[PDB]
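K.L.:
Just one file: my_file.pdb, with PDB, C-alpha atoms and all ligand atoms.
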ATOM      1  CA  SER A  28     -31.445  15.455 -35.559
ATOM      2  CA  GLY A  29     -33.518  18.055 -37.415
ATOM      3  CA  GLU A  30     -30.585  18.612 -39.756
ATOM      4  CA  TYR A  31     -30.278  14.884 -40.537
ATOM      5  CA  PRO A  32     -29.905  14.398 -44.303
ATOM      6  CA  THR A  33     -33.010  12.865 -45.900
ATOM      7  CA  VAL A  34     -33.539  10.631 -48.912
ATOM      8  CA  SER A  35     -35.030  13.378 -51.106
ATOM      9  CA  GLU A  36     -32.076  15.745 -50.455
ATOM     10  CA  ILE A  37     -29.163  13.521 -51.621
ATOM     11  CA  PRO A  38     -28.629  12.749 -55.320
ATOM     12  CA  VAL A  39     -27.789   9.111 -56.052
ATOM     13  CA  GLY A  40     -23.994   8.794 -56.079
ATOM     14  CA  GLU A  41     -23.408  11.417 -53.407
ATOM     15  CA  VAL A  42     -22.654  10.889 -49.720
ATOM     16  CA  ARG A  43     -23.327  13.102 -46.721
ATOM     17  CA  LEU A  44     -21.814  12.860 -43.255
ATOM     18  CA  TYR A  45     -23.611  13.748 -40.056
ATOM     19  CA  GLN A  47     -21.595  14.262 -36.873
ATOM     20  CA  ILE A  48     -23.374  12.765 -33.885
ATOM     21  CA  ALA A  49     -20.751  13.275 -31.196
ATOM     22  CA  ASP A  50     -17.075  13.881 -30.786
ATOM     23  CA  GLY A  51     -15.458  11.286 -33.013
ATOM     24  CA  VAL A  52     -18.759   9.730 -34.217
ATOM     25  CA  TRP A  53     -20.505  10.264 -37.545
ATOM     26  CA  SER A  54     -23.100   8.560 -39.657
ATOM     27  CA  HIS A  55     -22.728   8.347 -43.418
ATOM     28  CA  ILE A  56     -25.829   8.711 -45.587
ATOM     29  CA  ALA A  57     -26.182   7.756 -49.251
ATOM     30  CA  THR A  58     -29.012   7.137 -51.681
ATOM     31  CA  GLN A  59     -29.645   4.606 -54.415
ATOM     32  CA  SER A  60     -32.421   4.012 -56.893
ATOM     33  CA  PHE A  61     -33.814   0.560 -57.582
ATOM     34  CA  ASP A  62     -37.107  -1.288 -57.928
ATOM     35  CA  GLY A  63     -38.655   2.007 -58.973
ATOM     36  CA  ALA A  64     -37.833   4.026 -55.863
ATOM     37  CA  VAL A  66     -34.990   5.891 -54.159
ATOM     38  CA  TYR A  67     -33.786   4.730 -50.748
ATOM     39  CA  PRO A  68     -31.379   6.164 -48.199
ATOM     40  CA  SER A  69     -28.866   4.067 -46.257
ATOM     41  CA  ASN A  70     -26.829   4.736 -43.113
ATOM     42  CA  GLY A  71     -23.488   3.556 -41.906
ATOM     43  CA  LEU A  72     -21.191   4.702 -39.102
ATOM     44  CA  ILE A  73     -17.744   6.244 -38.752
ATOM     45  CA  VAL A  74     -15.964   6.133 -35.385
ATOM     46  CA  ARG A  75     -12.656   7.797 -34.586
ATOM     47  CA  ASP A  76      -9.961   5.769 -32.878
ATOM     48  CA  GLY A  77      -6.943   7.893 -32.128
ATOM     49  CA  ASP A  78      -5.746   9.187 -35.494
ATOM     50  CA  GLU A  79      -7.554   6.522 -37.539
ATOM     51  CA  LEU A  80     -11.166   5.733 -38.449
ATOM     52  CA  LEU A  81     -13.334   2.631 -38.075
ATOM     53  CA  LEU A  82     -15.998   2.329 -40.788
ATOM     54  CA  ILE A  83     -19.237   0.423 -40.208
ATOM     55  CA  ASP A  84     -20.809  -0.633 -43.507
ATOM     56  CA  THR A  85     -20.212   0.558 -47.037
ATOM     57  CA  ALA A  86     -22.418   3.041 -48.872
ATOM     58  CA  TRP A  87     -24.446   0.951 -51.293
ATOM     59  CA  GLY A  88     -22.144  -0.135 -54.140
ATOM     60  CA  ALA A  89     -18.746   0.688 -55.496
ATOM     61  CA  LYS A  90     -19.681   4.130 -56.888
ATOM     62  CA  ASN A  91     -21.193   5.362 -53.650
ATOM     63  CA  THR A  92     -18.442   3.850 -51.560
ATOM     64  CA  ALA A  93     -15.761   5.665 -53.570
ATOM     65  CA  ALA A  94     -17.781   8.837 -52.927
ATOM     66  CA  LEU A  95     -17.876   7.896 -49.246
ATOM     67  CA  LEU A  96     -14.098   7.672 -48.987
ATOM     68  CA  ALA A  97     -13.785  11.016 -50.751
ATOM     69  CA  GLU A  98     -16.292  12.662 -48.390
ATOM     70  CA  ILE A  99     -14.485  11.234 -45.370
ATOM     71  CA  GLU A 100     -11.226  12.633 -46.643
ATOM     72  CA  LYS A 102     -12.765  16.084 -47.265
ATOM     73  CA  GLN A 103     -14.638  16.409 -43.959
ATOM     74  CA  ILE A 104     -12.522  14.390 -41.504
ATOM     75  CA  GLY A 105      -9.200  13.832 -43.230
ATOM     76  CA  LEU A 106      -8.104  10.752 -41.281
ATOM     77  CA  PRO A 107      -7.500   7.314 -42.800
ATOM     78  CA  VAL A 109     -10.074   4.532 -42.610
ATOM     79  CA  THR A 110      -7.971   1.570 -41.472
ATOM     80  CA  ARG A 111     -10.636  -1.044 -40.641
ATOM     81  CA  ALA A 112     -14.233  -1.636 -41.709
ATOM     82  CA  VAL A 113     -16.935  -3.947 -40.410
ATOM     83  CA  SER A 114     -19.965  -5.064 -42.453
ATOM     84  CA  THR A 115     -23.029  -5.793 -40.322
ATOM     85  CA  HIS A 116     -24.682  -8.336 -42.659
ATOM     86  CA  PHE A 117     -24.086 -10.032 -45.991
ATOM     87  CA  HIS A 118     -26.360  -8.000 -48.229
ATOM     88  CA  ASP A 119     -25.107  -5.576 -50.876
ATOM     89  CA  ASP A 120     -26.229  -2.556 -48.868
ATOM     90  CA  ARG A 121     -23.573  -3.516 -46.320
ATOM     91  CA  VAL A 122     -20.792  -5.141 -48.380
ATOM     92  CA  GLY A 123     -21.388  -3.594 -51.806
ATOM     93  CA  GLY A 124     -18.339  -1.361 -51.572
ATOM     94  CA  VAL A 125     -15.965  -3.866 -49.934
ATOM     95  CA  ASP A 126     -13.658  -4.236 -52.915
ATOM     96  CA  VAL A 127     -13.315  -0.432 -53.156
ATOM     97  CA  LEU A 128     -12.299  -0.413 -49.483
ATOM     98  CA  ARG A 129      -9.856  -3.261 -50.007
ATOM     99  CA  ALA A 130      -8.250  -1.520 -52.979
ATOM    100  CA  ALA A 131      -7.790   1.613 -50.853
ATOM    101  CA  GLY A 133      -5.940  -0.426 -48.209
ATOM    102  CA  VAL A 134      -8.749  -0.800 -45.681
ATOM    103  CA  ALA A 135      -8.799  -4.044 -43.699
ATOM    104  CA  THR A 136     -12.344  -5.365 -44.117
ATOM    105  CA  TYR A 137     -14.062  -7.539 -41.501
ATOM    106  CA  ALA A 138     -17.252  -9.527 -41.004
ATOM    107  CA  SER A 139     -18.385 -12.555 -39.036
ATOM    108  CA  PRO A 140     -17.721 -15.997 -40.519
ATOM    109  CA  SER A 141     -21.490 -16.250 -41.039
ATOM    110  CA  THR A 142     -21.633 -13.028 -43.019
ATOM    111  CA  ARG A 143     -18.619 -14.056 -45.127
ATOM    112  CA  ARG A 144     -20.203 -17.404 -45.931
ATOM    113  CA  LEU A 145     -23.591 -15.938 -46.872
ATOM    114  CA  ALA A 146     -21.945 -13.234 -48.968
ATOM    115  CA  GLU A 147     -20.038 -15.863 -50.922
ATOM    116  CA  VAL A 148     -23.199 -17.904 -51.550
ATOM    117  CA  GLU A 149     -25.050 -14.802 -52.668
ATOM    118  CA  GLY A 150     -22.303 -13.606 -55.014
ATOM    119  CA  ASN A 165     -21.562 -10.522 -52.889
ATOM    120  CA  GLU A 166     -18.172  -9.028 -52.012
ATOM    121  CA  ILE A 167     -16.569 -10.888 -49.118
ATOM    122  CA  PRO A 168     -14.803  -9.025 -46.322
ATOM    123  CA  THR A 169     -11.287 -10.318 -45.853
ATOM    124  CA  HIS A 170     -11.013 -10.854 -42.101
ATOM    125  CA  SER A 171     -13.220 -12.872 -39.785
ATOM    126  CA  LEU A 172     -14.724 -11.517 -36.558
ATOM    127  CA  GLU A 173     -14.552 -14.221 -33.899
ATOM    128  CA  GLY A 174     -16.805 -14.570 -30.892
ATOM    129  CA  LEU A 175     -20.123 -13.500 -32.423
ATOM    130  CA  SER A 176     -21.798 -16.760 -33.458
ATOM    131  CA  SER A 177     -24.308 -17.250 -30.594
ATOM    132  CA  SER A 178     -27.122 -14.814 -29.849
ATOM    133  CA  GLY A 179     -26.179 -12.503 -26.991
ATOM    134  CA  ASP A 180     -22.454 -12.585 -27.874
ATOM    135  CA  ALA A 181     -20.568  -9.284 -27.622
ATOM    136  CA  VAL A 182     -16.960  -8.445 -28.511
ATOM    137  CA  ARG A 183     -14.911  -5.260 -28.379
ATOM    138  CA  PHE A 184     -13.541  -3.929 -31.665
ATOM    139  CA  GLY A 185     -11.414  -0.816 -31.321
ATOM    140  CA  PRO A 186     -13.701   2.039 -30.227
ATOM    141  CA  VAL A 187     -16.992   0.052 -30.482
ATOM    142  CA  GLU A 188     -18.668  -3.079 -29.170
ATOM    143  CA  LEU A 189     -20.103  -5.529 -31.698
ATOM    144  CA  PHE A 190     -23.193  -7.500 -30.631
ATOM    145  CA  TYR A 191     -24.999 -10.423 -32.275
ATOM    146  CA  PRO A 192     -28.620 -10.155 -31.091
ATOM    147  CA  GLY A 193     -29.861 -13.204 -32.973
ATOM    148  CA  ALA A 194     -31.583 -13.499 -36.359
ATOM    149  CA  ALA A 195     -33.749 -10.583 -37.456
ATOM    150  CA  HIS A 196     -33.471  -8.790 -40.828
ATOM    151  CA  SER A 197     -31.006 -11.553 -41.638
ATOM    152  CA  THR A 198     -29.571 -14.453 -39.694
ATOM    153  CA  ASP A 199     -26.146 -12.783 -39.468
ATOM    154  CA  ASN A 200     -27.061  -9.221 -38.579
ATOM    155  CA  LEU A 201     -24.841  -7.410 -36.091
ATOM    156  CA  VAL A 202     -25.380  -4.220 -34.150
ATOM    157  CA  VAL A 203     -22.687  -1.777 -33.099
ATOM    158  CA  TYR A 204     -22.516   0.304 -29.907
ATOM    159  CA  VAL A 205     -20.201   3.262 -29.277
ATOM    160  CA  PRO A 209     -19.966   3.479 -25.505
ATOM    161  CA  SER A 210     -18.257   6.904 -25.423
ATOM    162  CA  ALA A 211     -21.227   8.477 -27.240
ATOM    163  CA  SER A 215     -24.171   6.257 -26.272
ATOM    164  CA  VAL A 216     -24.737   5.597 -29.966
ATOM    165  CA  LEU A 217     -26.402   2.356 -31.001
ATOM    166  CA  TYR A 218     -26.162   1.482 -34.675
ATOM    167  CA  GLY A 219     -28.902  -1.061 -35.291
ATOM    168  CA  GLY A 220     -28.342  -1.704 -38.973
ATOM    169  CA  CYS A 221     -31.179  -3.252 -40.947
ATOM    170  CA  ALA A 222     -32.563  -5.013 -37.853
ATOM    171  CA  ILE A 223     -33.954  -1.612 -36.773
ATOM    172  CA  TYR A 224     -36.430   0.425 -38.810
ATOM    173  CA  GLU A 225     -36.862   4.201 -38.820
ATOM    174  CA  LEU A 226     -40.176   5.491 -37.504
ATOM    175  CA  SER A 227     -41.382   6.609 -40.955
ATOM    176  CA  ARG A 228     -41.275   3.007 -42.162
ATOM    177  CA  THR A 229     -44.510   1.351 -41.070
ATOM    178  CA  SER A 230     -44.379  -1.626 -43.439
ATOM    179  CA  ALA A 231     -41.754  -4.359 -43.765
ATOM    180  CA  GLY A 232     -38.735  -3.676 -45.981
ATOM    181  CA  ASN A 233     -36.660  -6.421 -47.552
ATOM    182  CA  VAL A 234     -37.542  -9.535 -45.561
ATOM    183  CA  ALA A 235     -36.471 -12.221 -48.018
ATOM    184  CA  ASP A 236     -33.731 -13.392 -45.689
ATOM    185  CA  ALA A 237     -35.390 -12.419 -42.436
ATOM    186  CA  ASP A 238     -36.369 -14.567 -39.483
ATOM    187  CA  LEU A 239     -39.739 -13.020 -38.659
ATOM    188  CA  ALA A 240     -40.333 -15.520 -35.874
ATOM    189  CA  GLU A 241     -37.139 -14.511 -34.062
ATOM    190  CA  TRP A 242     -36.874 -10.840 -34.921
ATOM    191  CA  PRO A 243     -38.777  -9.461 -31.887
ATOM    192  CA  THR A 244     -36.769 -11.710 -29.522
ATOM    193  CA  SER A 245     -33.563 -10.411 -31.100
ATOM    194  CA  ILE A 246     -34.721  -6.826 -30.610
ATOM    195  CA  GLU A 247     -35.467  -7.644 -26.966
ATOM    196  CA  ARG A 248     -31.840  -8.760 -26.595
ATOM    197  CA  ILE A 249     -30.643  -5.396 -27.942
ATOM    198  CA  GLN A 250     -32.878  -3.526 -25.479
ATOM    199  CA  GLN A 251     -31.622  -5.664 -22.618
ATOM    200  CA  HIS A 252     -27.961  -5.212 -23.540
ATOM    201  CA  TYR A 253     -27.941  -1.493 -24.398
ATOM    202  CA  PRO A 254     -30.722   0.065 -22.330
ATOM    203  CA  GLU A 255     -28.528   3.150 -21.843
ATOM    204  CA  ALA A 256     -28.454   3.964 -25.582
ATOM    205  CA  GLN A 257     -29.329   7.572 -26.395
ATOM    206  CA  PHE A 258     -28.974   7.782 -30.185
ATOM    207  CA  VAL A 259     -30.277   4.877 -32.262
ATOM    208  CA  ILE A 260     -29.441   4.674 -35.981
ATOM    209  CA  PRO A 261     -31.470   2.443 -38.302
ATOM    210  CA  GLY A 262     -29.999   0.842 -41.418
ATOM    211  CA  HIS A 263     -32.087   3.234 -43.485
ATOM    212  CA  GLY A 264     -33.487   6.632 -42.579
ATOM    213  CA  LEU A 265     -33.782   8.963 -39.628
ATOM    214  CA  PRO A 277     -32.213   8.309 -36.221
ATOM    215  CA  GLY A 278     -34.097   8.415 -32.963
ATOM    216  CA  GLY A 279     -33.984   6.914 -29.493
ATOM    217  CA  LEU A 280     -34.694   3.453 -28.174
ATOM    218  CA  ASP A 281     -38.320   3.962 -29.264
ATOM    219  CA  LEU A 282     -37.188   2.725 -32.666
ATOM    220  CA  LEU A 283     -36.826  -0.787 -31.212
ATOM    221  CA  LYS A 284     -40.454  -1.053 -30.038
ATOM    222  CA  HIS A 285     -41.515   0.543 -33.313
ATOM    223  CA  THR A 286     -39.669  -2.086 -35.321
ATOM    224  CA  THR A 287     -41.189  -4.893 -33.223
ATOM    225  CA  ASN A 288     -44.645  -3.417 -33.893
ATOM    226  CA  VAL A 289     -44.014  -3.372 -37.657
ATOM    227  CA  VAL A 290     -42.511  -6.852 -37.749
ATOM    228  CA  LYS A 291     -45.377  -8.339 -35.695
ATOM    229  CA  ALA A 292     -47.938  -6.649 -37.917
ATOM    230  CA  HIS A 293     -46.225  -8.035 -41.003
ATOM    231  CA  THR A 294     -46.137 -11.466 -39.436
ATOM    232  CA  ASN A 295     -49.910 -11.242 -39.032
ATOM    233  CA  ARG A 296     -50.551  -9.994 -42.568
ATOM    234  CA  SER A 297     -50.037 -13.522 -43.811
ATOM    235  CA  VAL A 298     -53.338 -15.042 -45.000
TER     236      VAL A 298
HETATM  237  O1  LIG B 301     -28.961  -4.896 -50.710
HETATM  238  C1  LIG B 301     -29.942  -5.160 -51.399
HETATM  239  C2  LIG B 301     -30.965  -6.230 -51.022
HETATM  240  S1  LIG B 301     -30.881  -6.826 -49.353
HETATM  241  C3  LIG B 301     -31.326  -5.424 -48.385
HETATM  242  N1  LIG B 301     -30.933  -5.141 -47.152
HETATM  243  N2  LIG B 301     -31.528  -3.993 -46.773
HETATM  244  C4  LIG B 301     -32.279  -3.586 -47.788
HETATM  245  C5  LIG B 301     -33.145  -2.360 -47.855
HETATM  246  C6  LIG B 301     -33.088  -1.581 -48.999
HETATM  247  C7  LIG B 301     -33.880  -0.456 -49.103
HETATM  248  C8  LIG B 301     -34.739  -0.119 -48.062
HETATM  249  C9  LIG B 301     -34.813  -0.924 -46.942
HETATM  250  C10 LIG B 301     -34.014  -2.049 -46.831
HETATM  251  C11 LIG B 301     -34.111  -2.891 -45.593
HETATM  252  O2  LIG B 301     -33.147  -2.974 -44.792
HETATM  253  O3  LIG B 301     -35.206  -3.475 -45.355
HETATM  254  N3  LIG B 301     -32.174  -4.465 -48.803
HETATM  255  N4  LIG B 301     -30.203  -4.439 -52.582
HETATM  256  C12 LIG B 301     -29.303  -3.486 -53.101
HETATM  257  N5  LIG B 301     -29.456  -2.928 -54.294
HETATM  258  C13 LIG B 301     -28.427  -2.075 -54.668
HETATM  259  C14 LIG B 301     -28.388  -1.355 -55.868
HETATM  260  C15 LIG B 301     -27.302  -0.538 -56.144
HETATM  261  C16 LIG B 301     -26.258  -0.433 -55.217
HETATM  262  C17 LIG B 301     -26.294  -1.152 -54.020
HETATM  263  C18 LIG B 301     -27.373  -1.973 -53.743
HETATM  264  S2  LIG B 301     -27.821  -2.995 -52.439
HETATM  265 CL    CL B 302     -27.899  -8.669 -51.431
HETATM  266 CL    CL B 303      -6.115  -6.667 -44.788
HETATM  267 CL    CL B 304      -4.672  -6.118 -41.468
HETATM  268 ZN    ZN B 305     -30.134  -6.453 -45.828
HETATM  269 ZN    ZN B 306      -5.479  -7.572 -42.894
HETATM  270 ZN    ZN B 307     -30.884  -2.666 -45.416
END
Please go through the file and, once you have read it, give me the structure as structure tokens.

P.N.:
Amino acid sequence: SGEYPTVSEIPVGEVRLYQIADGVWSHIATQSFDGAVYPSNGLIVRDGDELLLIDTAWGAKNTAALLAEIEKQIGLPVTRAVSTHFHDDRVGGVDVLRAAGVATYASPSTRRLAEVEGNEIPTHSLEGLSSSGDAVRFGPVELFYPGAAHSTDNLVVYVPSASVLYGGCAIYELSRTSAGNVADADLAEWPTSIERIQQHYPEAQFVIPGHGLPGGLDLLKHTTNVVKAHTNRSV
């Protein structure tokens, strides 16, 4: 993915798409906060003549830009969206999606945590994902709950036609060698949850982190290394 869009190349408010395979793209957007600029990834998966969106692009502004970029580059309607955890980097644009007629989804756990946090709440509930190891089909992807990691509710998404594993914020890019936002993380369980992902999707060829550059399954071991090191940086 030498051409993969990087954080320093995208102005805040703009969205890039990157086609991974036939009918599979990532979306990349940047936002500035806490003194820095960060990239964020989501996924777009074609299903017939419609699109499934995985995660919004930061907030409302970026998510409007996302819908506009999808229209320009793909030109098919986004009919459903799934948010992979309750934080604003995953649900921040949910009301923009709802206003545009997109049916928004998340697990009951995500919906609950979003409400508590004061974050936008996806409309529909995804059933069958409440116990670690649970997997359910959703249109052209499989949704998997690996257990608590970056957050207690984090989901991962696999596209079996393309061998694409979207890890969300439970998986770090290689360039990140220190913990990111871990305020809601379960450090004790995070490596076990990663092990479940490895065991369930060992065939994955293209692994996309919540933020930054894609790679292969090596990203999973990398993330475990970072998480364990952070766990030991305690006192
Ligand atoms: O979503 C959160 C906090 S929870 C969270 N979940 N993931 C992150 C994250 C962020 C940057 C780099 C790495 C990570 C990570 O996954 O570790 N943070 N803050 C947001 N601030 C803004 C401001 C503007 C518009 C949208 C948003 S969303
Ligand atoms: Cl948040
Ligand atoms: Cl709806
Ligand atoms: Cl609906
Ligand atoms: Zn998060
Ligand atoms: Zn609906
Ligand atoms: Zn994140």

K.L.:
Every residue with an atom at most 12 Å from (-21.8, 0.9, -57.0) (file coordinates; all atoms listed in the file) is what I'm after, so could you write them as a list in words?

P.N.:
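Protein, DNA and RNA residues close to (-21.8, 0.9, -57.0): residues 39, 40, 41, 57, 58, 59, 60, 85, 86, 87, 88, 89, 90, 91, 92, 93, 94, 95, 119, 120, 121, 122, 123, 124, 125, 126, 127 and 166 of chain A.
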
K.L.:
Could you write those residues out with C-alpha atoms, as a compact mmCIF listing (two decimals), in the coordinates of the input?

P.N.:
# COMPACT_ATOMS: atom_id res chain seq x y z
CA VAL A 39 -27.79 9.11 -56.05
CA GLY A 40 -23.99 8.79 -56.08
CA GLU A 41 -23.41 11.42 -53.41
CA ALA A 57 -26.18 7.76 -49.25
CA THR A 58 -29.01 7.14 -51.68
CA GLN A 59 -29.64 4.61 -54.42
CA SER A 60 -32.42 4.01 -56.89
CA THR A 85 -20.21 0.56 -47.04
CA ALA A 86 -22.42 3.04 -48.87
CA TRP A 87 -24.45 0.95 -51.29
CA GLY A 88 -22.14 -0.14 -54.14
CA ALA A 89 -18.75 0.69 -55.50
CA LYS A 90 -19.68 4.13 -56.89
CA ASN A 91 -21.19 5.36 -53.65
CA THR A 92 -18.44 3.85 -51.56
CA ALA A 93 -15.76 5.66 -53.57
CA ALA A 94 -17.78 8.84 -52.93
CA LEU A 95 -17.88 7.90 -49.25
CA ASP A 119 -25.11 -5.58 -50.88
CA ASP A 120 -26.23 -2.56 -48.87
CA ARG A 121 -23.57 -3.52 -46.32
CA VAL A 122 -20.79 -5.14 -48.38
CA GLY A 123 -21.39 -3.59 -51.81
CA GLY A 124 -18.34 -1.36 -51.57
CA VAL A 125 -15.96 -3.87 -49.93
CA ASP A 126 -13.66 -4.24 -52.92
CA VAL A 127 -13.32 -0.43 -53.16
CA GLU A 166 -18.17 -9.03 -52.01

K.L.:
What is the distance between atom CA of residue 205 of chain A and atom CA of residue 28 of chain A, in Å to one decimal?

P.N.:
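According to the coordinates, atom CA of residue 205 of chain A and atom CA of residue 28 of chain A are separated by 17.7 Å.
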
K.L.:
Using the chain letters and numbers from the file, which residues does the PyMOL selection byres (((not hetatm)) within 9 of (chain B and resi 307)) grab, as a list in words?

P.N.:
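Listing what the PyMOL selection byres (((not hetatm)) within 9 of (chain B and resi 307)) selects in the shown file: residues 69, 70, 116, 118, 119, 120, 121, 196, 220, 221, 222, 232, 233, 261, 262 and 263 of chain A.
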
K.L.:
In Å, with one decimal, what is the gap from atom CA of residue 169 of chain A to atom CA of residue 140 of chain A?

P.N.:
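Between these atoms lies a distance of 10.1 Å.
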
K.L.:
Step by step, gather every atom of segment 215-230 of chain A that the file lists, find the box along x, y and z that holds them, add 6 Å on each side, and finally give centre and edge lengths in Å to one decimal, as lines of an AutoDock Vina configuration file.

P.N.:
center_x = -34.3
center_y = 0.8
center_z = -34.9
size_x = 32.3
size_y = 23.6
size_z = 29.2

K.L.:
Where does the PyMOL selection byres (((chain A and resi 201) around 7) and not hetatm) land in this file, that is, which residues does it pick, as a compact mmCIF listing (two decimals) with C-alpha atoms, keeping the file's coordinate frame?

P.N.:
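Wrote it out as part28.txt, contents follow:
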# COMPACT_ATOMS: atom_id res chain seq x y z
CA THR A 115 -23.03 -5.79 -40.32
CA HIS A 116 -24.68 -8.34 -42.66
CA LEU A 189 -20.10 -5.53 -31.70
CA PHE A 190 -23.19 -7.50 -30.63
CA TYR A 191 -25.00 -10.42 -32.28
CA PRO A 192 -28.62 -10.15 -31.09
CA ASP A 199 -26.15 -12.78 -39.47
CA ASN A 200 -27.06 -9.22 -38.58
CA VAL A 202 -25.38 -4.22 -34.15
CA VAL A 203 -22.69 -1.78 -33.10

K.L.:
Let me make sure I understand: among A:216, A:194, A:106, A:249, which one has the smallest atom-to-atom distance to residue 234 of chain A if we use only C-alpha atoms?

P.N.:
A:194
